[PDB]
Amino acid sequence: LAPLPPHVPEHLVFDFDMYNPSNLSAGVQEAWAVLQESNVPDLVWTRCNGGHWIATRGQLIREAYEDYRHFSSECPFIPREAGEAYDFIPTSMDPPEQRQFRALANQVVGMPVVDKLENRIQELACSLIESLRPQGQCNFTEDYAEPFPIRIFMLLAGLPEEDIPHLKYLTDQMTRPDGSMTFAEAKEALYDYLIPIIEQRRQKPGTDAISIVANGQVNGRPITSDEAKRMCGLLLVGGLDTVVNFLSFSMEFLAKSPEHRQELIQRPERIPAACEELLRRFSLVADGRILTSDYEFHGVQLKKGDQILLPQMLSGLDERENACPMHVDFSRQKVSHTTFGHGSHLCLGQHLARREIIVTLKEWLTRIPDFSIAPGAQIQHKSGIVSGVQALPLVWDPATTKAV
Ligand code: HEM
Ligand SMILES: CC1(C)[C@@H]2CC[C@@]1(C)C(=O)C2
Ligand SMILES: [K+]
């Protein structure tokens, strides 16, 4: 706990730690939602992790993401030193400067590219699930959640699969540090990895994501080596953590809820709607912004330089945005959320993610309609910039499955 800053009133102190929340054993989403209780003010101050504002409601979260003149992306991570070292592109930039880099990035991970990758994404999901099918059991996190999205990203990026363990290790230290590496050391190690690759692909431009970024133009002039490295590193981090953990939360839930599996098996055309309601319920990111000057927000005085966590996971969990928010309803009429961010940095890989999510639900349920959490298992979650599942042992009777 860091010393309470002069300007912060004692009645807003809410000592939540984002890398280690108190009710974590009840589920990471439920751990974060303690912040939405009756007693908790809309905007609170935790002294954990150096000290920072935490907006707890969707209304505040959306307005701050919208207000980039006051809440800047220049230092978007907690703790402060991680935010200061953070220089990925385009996420550490604000409009207007941000915009040109974001268009290039959009060219490598957007909808047209999801369409190109459609066949491989389908093939790999079916392949991995067919492989697990006859066993009647799997360690979901290691056997599908990780390899499915990661191998598609390594494919798009034109990087060898043998590099996965190094790169996933560095990405996880940036989002759920175990103490071994600082954010800055992790980032520098990912940049170290990309340097030569960028240089090779500048000499011999190819079709992969690194070549396209490295030889790209940002509103008409050539991107530099440095800029390409800072965009590439963001891309790997984005491709190696979020979908990976998200699939685990979603399969854990389906494993615990036979009626929801029955609904998608009966009506597969509902999978896209279900994917969105799951994104709401099992939202997992929380990053933030830095105050560009003193500013009064929802009656609380913020000081220039104050950091504020704007938990994207919190907006669709807010009872004020959705009725019975902890309830999963695939027919939910207006599924409101900020899972893919909000404002000018809206996730560019959101189309790639929804395709991986919908393919996984449809192809798993097609071959392995019925499955459960391994007997006696207690699922453990983990919290941080991206929250996740430590492990997910699933079981099923092979006699109930089908090869397709
Ligand atoms: C369920 C999966 C995903 C979730 C929940 C998610 C969430 C987010 C969020 C909340 C942001 C904004 C952060 C901020 O405002 O500081 C973001 C940005 C971004 N995401 Fe995703 N993401 C997912 C998947 C992906 C994938 C698969 C990629 C592909 C590499 C990716 C690439 C990006 C990029 C490049 C940005 C930066 C946009 C900018 O800064 O303008 N994301 N994502
Ligand atoms: C918060 C995020 C998911 C978003 C893309 C990857 C990520 C960890 C960032 O650094 C920006
Ligand atoms: K920074």
# chains A, B, ... in the order shown; residues from 1 in each chain; ligands from 1
$ closest_atom_pairs --of "segment 255-343 of chain A" --to "segment 9-15 of chain A" --cutoff "12 Å" --atoms "only C-alpha atoms" --output "Markdown table"
| residue | atom | partner | partner_atom | distance |
| --- | --- | --- | --- | --- |
| A:299 | CA | A:12 | CA | 11.7 |
| A:300 | CA | A:9 | CA | 8.9 |
| A:301 | CA | A:9 | CA | 9.3 |
| A:302 | CA | A:9 | CA | 11.0 |
$ residues_around --residues "residue 147 of chain A" --least-positions-apart "6" --cutoff "10 Å" --atoms "only C-alpha atoms" --output "JSON, numbers by chain"
{"A": [124, 125, 128, 141, 153, 154, 161, 164, 240, 244]}
$ write_last_selection --atoms "N, CA and C atoms" --output "mmCIF file, in the first residue's frame"
data_model
loop_
_atom_site.group_PDB
_atom_site.id
_atom_site.type_symbol
_atom_site.label_atom_id
_atom_site.label_comp_id
_atom_site.auth_asym_id
_atom_site.auth_seq_id
_atom_site.Cartn_x
_atom_site.Cartn_y
_atom_site.Cartn_z
ATOM 1 N N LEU A 124 -7.620 -25.988 -38.322
ATOM 2 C CA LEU A 124 -6.939 -26.191 -37.058
ATOM 3 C C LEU A 124 -7.877 -26.483 -35.861
ATOM 4 N N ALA A 125 -9.010 -25.800 -35.746
ATOM 5 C CA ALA A 125 -9.946 -26.111 -34.644
ATOM 6 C C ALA A 125 -10.442 -27.559 -34.727
ATOM 7 N N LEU A 128 -7.495 -30.118 -33.969
ATOM 8 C CA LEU A 128 -7.123 -30.239 -32.568
ATOM 9 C C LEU A 128 -8.235 -30.940 -31.791
ATOM 10 N N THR A 141 -6.566 -25.739 -21.228
ATOM 11 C CA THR A 141 -5.718 -24.528 -21.388
ATOM 12 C C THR A 141 -4.552 -24.853 -22.244
ATOM 13 N N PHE A 153 -1.917 -17.270 -34.948
ATOM 14 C CA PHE A 153 -1.170 -15.992 -34.990
ATOM 15 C C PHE A 153 0.237 -16.242 -35.498
ATOM 16 N N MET A 154 0.942 -17.289 -35.132
ATOM 17 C CA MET A 154 2.274 -17.589 -35.554
ATOM 18 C C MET A 154 2.328 -17.829 -37.068
ATOM 19 N N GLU A 161 6.716 -22.355 -34.998
ATOM 20 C CA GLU A 161 6.076 -22.757 -33.736
ATOM 21 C C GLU A 161 6.946 -23.023 -32.573
ATOM 22 N N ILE A 164 7.062 -20.460 -29.814
ATOM 23 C CA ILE A 164 5.930 -20.189 -28.914
ATOM 24 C C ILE A 164 6.243 -20.103 -27.459
ATOM 25 N N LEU A 240 -1.462 -13.422 -28.430
ATOM 26 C CA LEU A 240 -1.017 -14.500 -27.583
ATOM 27 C C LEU A 240 -1.635 -14.577 -26.199
ATOM 28 N N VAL A 244 -6.794 -16.593 -25.993
ATOM 29 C CA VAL A 244 -6.332 -17.767 -25.255
ATOM 30 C C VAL A 244 -7.048 -17.867 -23.921
#
$ residues_near_ligand --ligand "ligand 3" --cutoff "8 Å" --atoms "only C-alpha atoms and all ligand atoms" --output "list in words"
residues 74, 75, 76, 82, 83, 84, 85, 86, 87 and 92 of chain A
$ residues_near_ligand --ligand "ligand 1" --cutoff "6 Å" --atoms "only C-alpha atoms and all ligand atoms" --output "PDB file with N, CA and C atoms, in the first residue's frame"
ATOM      1  N   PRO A  90      -0.347   0.896 -31.921  1.00  0.00           N
ATOM      2  CA  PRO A  90      -0.740   2.261 -31.649  1.00  0.00           C
ATOM      3  C   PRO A  90      -1.271   2.650 -30.286  1.00  0.00           C
ATOM      4  N   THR A  91      -1.304   1.664 -29.385  1.00  0.00           N
ATOM      5  CA  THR A  91      -1.920   1.771 -28.078  1.00  0.00           C
ATOM      6  C   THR A  91      -1.303   2.817 -27.149  1.00  0.00           C
ATOM      7  N   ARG A 102      -2.761   3.012 -36.718  1.00  0.00           N
ATOM      8  CA  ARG A 102      -3.866   2.098 -36.486  1.00  0.00           C
ATOM      9  C   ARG A 102      -4.408   1.595 -37.791  1.00  0.00           C
ATOM     10  N   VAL A 109      -4.555  -7.247 -39.284  1.00  0.00           N
ATOM     11  CA  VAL A 109      -5.352  -8.135 -38.420  1.00  0.00           C
ATOM     12  C   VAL A 109      -6.850  -7.967 -38.616  1.00  0.00           C
ATOM     13  N   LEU A 235       1.249  -6.471 -31.526  1.00  0.00           N
ATOM     14  CA  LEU A 235       0.477  -7.459 -32.287  1.00  0.00           C
ATOM     15  C   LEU A 235       0.650  -8.838 -31.695  1.00  0.00           C
ATOM     16  N   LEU A 236       1.859  -9.229 -31.311  1.00  0.00           N
ATOM     17  CA  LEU A 236       2.123 -10.529 -30.704  1.00  0.00           C
ATOM     18  C   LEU A 236       1.462 -10.662 -29.340  1.00  0.00           C
ATOM     19  N   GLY A 238      -1.125  -9.007 -28.303  1.00  0.00           N
ATOM     20  CA  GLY A 238      -2.562  -9.067 -28.537  1.00  0.00           C
ATOM     21  C   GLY A 238      -2.972 -10.427 -29.073  1.00  0.00           C
ATOM     22  N   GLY A 239      -2.173 -11.056 -29.933  1.00  0.00           N
ATOM     23  CA  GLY A 239      -2.487 -12.358 -30.435  1.00  0.00           C
ATOM     24  C   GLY A 239      -2.192 -13.536 -29.540  1.00  0.00           C
ATOM     25  N   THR A 242      -5.284 -12.741 -24.822  1.00  0.00           N
ATOM     26  CA  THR A 242      -6.677 -12.477 -24.696  1.00  0.00           C
ATOM     27  C   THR A 242      -7.539 -13.607 -25.257  1.00  0.00           C
ATOM     28  N   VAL A 243      -7.486 -13.952 -26.523  1.00  0.00           N
ATOM     29  CA  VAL A 243      -8.358 -15.060 -27.003  1.00  0.00           C
ATOM     30  C   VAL A 243      -8.064 -16.330 -26.226  1.00  0.00           C
ATOM     31  N   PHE A 246      -9.746 -16.123 -22.866  1.00  0.00           N
ATOM     32  CA  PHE A 246     -11.165 -16.022 -23.068  1.00  0.00           C
ATOM     33  C   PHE A 246     -11.803 -17.388 -23.406  1.00  0.00           C
ATOM     34  N   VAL A 285     -10.256  -7.935 -19.862  1.00  0.00           N
ATOM     35  CA  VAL A 285      -9.185  -6.926 -19.865  1.00  0.00           C
ATOM     36  C   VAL A 285      -9.441  -5.744 -18.909  1.00  0.00           C
ATOM     37  N   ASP A 287      -7.150  -2.128 -18.612  1.00  0.00           N
ATOM     38  CA  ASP A 287      -5.920  -1.323 -18.667  1.00  0.00           C
ATOM     39  C   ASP A 287      -6.435   0.097 -18.299  1.00  0.00           C
ATOM     40  N   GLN A 312     -12.178  -2.453 -18.656  1.00  0.00           N
ATOM     41  CA  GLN A 312     -13.098  -2.831 -19.721  1.00  0.00           C
ATOM     42  C   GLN A 312     -13.985  -3.986 -19.316  1.00  0.00           C
ATOM     43  N   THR A 339     -16.077  -4.966 -23.858  1.00  0.00           N
ATOM     44  CA  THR A 339     -15.036  -5.974 -23.791  1.00  0.00           C
ATOM     45  C   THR A 339     -13.849  -5.764 -24.732  1.00  0.00           C
ATOM     46  N   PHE A 340     -14.065  -5.193 -25.880  1.00  0.00           N
ATOM     47  CA  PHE A 340     -13.095  -4.933 -26.924  1.00  0.00           C
ATOM     48  C   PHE A 340     -12.587  -3.501 -26.887  1.00  0.00           C
ATOM     49  N   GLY A 341     -12.780  -2.868 -25.735  1.00  0.00           N
ATOM     50  CA  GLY A 341     -12.328  -1.523 -25.440  1.00  0.00           C
ATOM     51  C   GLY A 341     -13.460  -0.569 -25.781  1.00  0.00           C
ATOM     52  N   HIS A 345      -9.411   3.474 -29.367  1.00  0.00           N
ATOM     53  CA  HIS A 345      -8.493   2.303 -29.446  1.00  0.00           C
ATOM     54  C   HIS A 345      -9.287   0.991 -29.520  1.00  0.00           C
ATOM     55  N   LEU A 346     -10.564   1.015 -29.932  1.00  0.00           N
ATOM     56  CA  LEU A 346     -11.322  -0.222 -30.051  1.00  0.00           C
ATOM     57  C   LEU A 346     -10.463  -1.356 -30.653  1.00  0.00           C
ATOM     58  N   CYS A 347     -10.447  -2.505 -30.025  1.00  0.00           N
ATOM     59  CA  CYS A 347      -9.671  -3.670 -30.448  1.00  0.00           C
ATOM     60  C   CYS A 347      -9.729  -3.871 -31.954  1.00  0.00           C
ATOM     61  N   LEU A 348      -8.594  -3.940 -32.607  1.00  0.00           N
ATOM     62  CA  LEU A 348      -8.533  -4.208 -34.031  1.00  0.00           C
ATOM     63  C   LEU A 348      -8.584  -5.715 -34.320  1.00  0.00           C
ATOM     64  N   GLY A 349      -8.258  -6.492 -33.298  1.00  0.00           N
ATOM     65  CA  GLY A 349      -8.288  -7.951 -33.520  1.00  0.00           C
ATOM     66  C   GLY A 349      -9.619  -8.556 -33.090  1.00  0.00           C
ATOM     67  N   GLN A 350     -10.658  -7.714 -32.902  1.00  0.00           N
ATOM     68  CA  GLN A 350     -11.946  -8.213 -32.443  1.00  0.00           C
ATOM     69  C   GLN A 350     -12.620  -9.111 -33.487  1.00  0.00           C
ATOM     70  N   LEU A 352     -11.095 -11.186 -35.666  1.00  0.00           N
ATOM     71  CA  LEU A 352     -10.293 -12.380 -35.569  1.00  0.00           C
ATOM     72  C   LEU A 352     -10.714 -13.135 -34.310  1.00  0.00           C
ATOM     73  N   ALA A 353     -10.882 -12.409 -33.168  1.00  0.00           N
ATOM     74  CA  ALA A 353     -11.294 -13.087 -31.946  1.00  0.00           C
ATOM     75  C   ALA A 353     -12.675 -13.735 -32.056  1.00  0.00           C
TER      76      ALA A 353
END
$ residues_around --residues "residue 114 of chain A" --least-positions-apart "6" --cutoff "9 Å" --atoms "only C-alpha atoms" --output "list in words"
residues 121, 351, 352 and 355 of chain A
$ write_last_selection --atoms "C-alpha atoms" --output "PDB file, in the first residue's frame"
ATOM      1  CA  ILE A 121      -8.817 -21.307 -38.575  1.00  0.00           C
ATOM      2  CA  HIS A 351     -13.048  -9.759 -35.766  1.00  0.00           C
ATOM      3  CA  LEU A 352     -10.293 -12.380 -35.569  1.00  0.00           C
ATOM      4  CA  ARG A 355     -14.188 -15.844 -35.536  1.00  0.00           C
TER       5      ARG A 355
END
$ residues_around --residues "segment 251-265 of chain A" --least-positions-apart "2" --cutoff "7 Å" --atoms "only C-alpha atoms" --output "PyMOL selection string"
chain A and resi 247-249+267-268+270-271+365+371-373+392
$ write_last_selection --atoms "N, CA and C atoms" --output "short mmCIF file (atom, residue, chain, number, x, y, z; two decimals), in the first residue's frame"
data_model
loop_
_atom_site.label_atom_id
_atom_site.label_comp_id
_atom_site.auth_asym_id
_atom_site.auth_seq_id
_atom_site.Cartn_x
_atom_site.Cartn_y
_atom_site.Cartn_z
N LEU A 247 -11.16 -18.12 -24.30
CA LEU A 247 -11.72 -19.45 -24.64
C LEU A 247 -11.83 -20.30 -23.37
N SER A 248 -10.87 -20.31 -22.50
CA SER A 248 -10.90 -21.06 -21.24
C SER A 248 -12.07 -20.63 -20.36
N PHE A 249 -12.31 -19.33 -20.16
CA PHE A 249 -13.47 -18.95 -19.32
C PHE A 249 -14.80 -19.48 -19.86
N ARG A 267 -29.62 -25.10 -31.44
CA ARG A 267 -29.72 -23.96 -32.35
C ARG A 267 -28.34 -23.32 -32.54
N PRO A 268 -27.53 -23.91 -33.40
CA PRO A 268 -26.18 -23.46 -33.71
C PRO A 268 -26.15 -22.09 -34.32
N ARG A 270 -27.41 -19.63 -33.19
CA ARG A 270 -27.36 -18.74 -32.06
C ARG A 270 -25.93 -18.60 -31.58
N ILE A 271 -25.00 -19.37 -32.18
CA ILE A 271 -23.61 -19.25 -31.64
C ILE A 271 -23.08 -17.84 -31.66
N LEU A 365 -18.66 -28.32 -30.01
CA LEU A 365 -19.98 -28.86 -29.68
C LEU A 365 -20.46 -29.88 -30.71
N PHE A 371 -19.64 -32.58 -21.95
CA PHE A 371 -18.36 -32.60 -21.26
C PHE A 371 -18.56 -31.90 -19.92
N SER A 372 -17.67 -32.09 -18.98
CA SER A 372 -17.76 -31.53 -17.65
C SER A 372 -16.33 -31.25 -17.12
N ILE A 373 -16.31 -30.53 -16.01
CA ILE A 373 -15.06 -30.29 -15.29
C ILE A 373 -14.70 -31.65 -14.71
N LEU A 392 -7.66 -26.06 -16.95
CA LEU A 392 -9.07 -26.49 -17.04
C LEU A 392 -9.22 -27.93 -17.48
#
$ select_by_dssp --residues "segment 105-237 of chain A" --states "alpha helix (DSSP H)" --output "PyMOL selection string"
chain A and resi 105-109+111-132+140+147-156+164-175+183-203+209-214+225-237
$ residues_around --residues "residue 78 of chain A" --least-positions-apart "2" --cutoff "12 Å" --atoms "only C-alpha atoms" --output "JSON, numbers by chain"
{"A": [17, 18, 19, 46, 47, 48, 49, 50, 51, 52, 53, 54, 75, 76, 80, 81, 82, 83, 84, 85, 86, 174, 175, 176, 177, 182, 183, 286, 287, 288, 289, 290, 306, 307, 308, 309, 310, 311, 384, 385]}
$ write_last_selection --atoms "C-alpha atoms" --output "short mmCIF file (atom, residue, chain, number, x, y, z; two decimals), in the first residue's frame"
data_model
loop_
_atom_site.label_atom_id
_atom_site.label_comp_id
_atom_site.auth_asym_id
_atom_site.auth_seq_id
_atom_site.Cartn_x
_atom_site.Cartn_y
_atom_site.Cartn_z
CA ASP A 17 -5.23 -5.10 -6.01
CA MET A 18 -5.76 -5.85 -9.78
CA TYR A 19 -3.06 -8.56 -9.90
CA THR A 46 -6.62 1.92 -4.27
CA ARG A 47 -3.20 2.39 -2.71
CA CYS A 48 -2.19 -0.98 -4.13
CA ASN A 49 0.28 -1.12 -6.99
CA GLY A 50 1.62 2.37 -6.46
CA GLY A 51 -1.80 4.06 -6.15
CA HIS A 52 -4.39 4.83 -8.82
CA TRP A 53 -8.02 5.68 -9.54
CA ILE A 54 -10.32 2.76 -10.44
CA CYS A 75 0.83 5.59 -19.89
CA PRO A 76 -1.92 2.94 -20.04
CA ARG A 80 3.44 3.33 -13.15
CA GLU A 81 6.82 2.04 -14.32
CA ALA A 82 5.11 -0.47 -16.66
CA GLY A 83 2.94 2.38 -18.03
CA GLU A 84 6.03 4.55 -18.51
CA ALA A 85 7.96 1.78 -20.29
CA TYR A 86 4.90 0.98 -22.40
CA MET A 174 3.61 -8.28 -19.37
CA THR A 175 -0.01 -9.12 -18.42
CA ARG A 176 0.20 -11.45 -15.33
CA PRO A 177 3.72 -10.88 -14.00
CA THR A 182 9.52 -6.36 -14.95
CA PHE A 183 7.17 -5.12 -17.73
CA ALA A 286 -8.48 -3.91 -17.63
CA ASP A 287 -5.92 -1.32 -18.67
CA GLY A 288 -6.22 2.42 -18.19
CA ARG A 289 -5.17 5.99 -18.88
CA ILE A 290 -3.20 8.94 -17.45
CA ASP A 306 -2.81 10.54 -11.78
CA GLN A 307 -3.27 7.08 -13.33
CA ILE A 308 -6.79 5.67 -13.66
CA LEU A 309 -7.68 2.04 -14.31
CA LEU A 310 -10.81 1.89 -16.56
CA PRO A 311 -11.62 -1.82 -16.36
CA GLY A 384 -3.93 -8.75 -14.13
CA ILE A 385 -4.08 -6.57 -17.28
#
$ residues_around --residues "segment 272-282 of chain A" --least-positions-apart "2" --cutoff "8 Å" --atoms "only C-alpha atoms" --output "PyMOL selection string"
chain A and resi 29+246+249-250+269-270+284+313+316-317+325-332+335-339+354+357-358
$ closest_residue --among "A:61, A:394, A:237, A:152" --to "residue 356 of chain A" --atoms "only C-alpha atoms"
A:152
$ closest_residue --among "A:378, A:73, A:333, A:219" --to "ligand 2" --atoms "only C-alpha atoms and all ligand atoms"
A:73
$ atom_distance --atom1 "atom CA of residue 166 of chain A" --atom2 "atom CA of residue 185 of chain A"
13.6 Å
$ closest_residue --among "A:233, A:393, A:3, A:343" --to "ligand 2" --atoms "only C-alpha atoms and all ligand atoms"
A:233
$ select_by_dssp --residues "segment 212-318 of chain A" --states "strand (DSSP E or B)" --output "list in words"
residues 217, 218, 221, 222, 285, 287, 288, 289, 290, 291, 295, 296, 297, 300, 301, 302, 307, 308, 309 and 310 of chain A
$ atom_distance --atom1 "atom CA of residue 202 of chain A" --atom2 "atom CA of residue 225 of chain A"
8.6 Å
$ residues_around --residues "segment 25-27 of chain A" --least-positions-apart "4" --cutoff "7 Å" --atoms "only C-alpha atoms" --output "list in words"
residues 31, 380 and 381 of chain A
$ write_last_selection --atoms "N, CA and C atoms" --output "PDB file, in the first residue's frame"
ATOM      1  N   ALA A  31     -14.497 -11.496  -8.500  1.00  0.00           N
ATOM      2  CA  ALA A  31     -13.455 -10.877  -7.679  1.00  0.00           C
ATOM      3  C   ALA A  31     -13.444  -9.385  -7.993  1.00  0.00           C
ATOM      4  N   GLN A 380      -9.000 -22.553 -10.852  1.00  0.00           N
ATOM      5  CA  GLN A 380      -8.408 -21.303 -10.353  1.00  0.00           C
ATOM      6  C   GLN A 380      -8.200 -20.279 -11.472  1.00  0.00           C
ATOM      7  N   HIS A 381      -8.599 -19.048 -11.243  1.00  0.00           N
ATOM      8  CA  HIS A 381      -8.436 -17.930 -12.136  1.00  0.00           C
ATOM      9  C   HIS A 381      -7.237 -17.090 -11.679  1.00  0.00           C
TER      10      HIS A 381
END
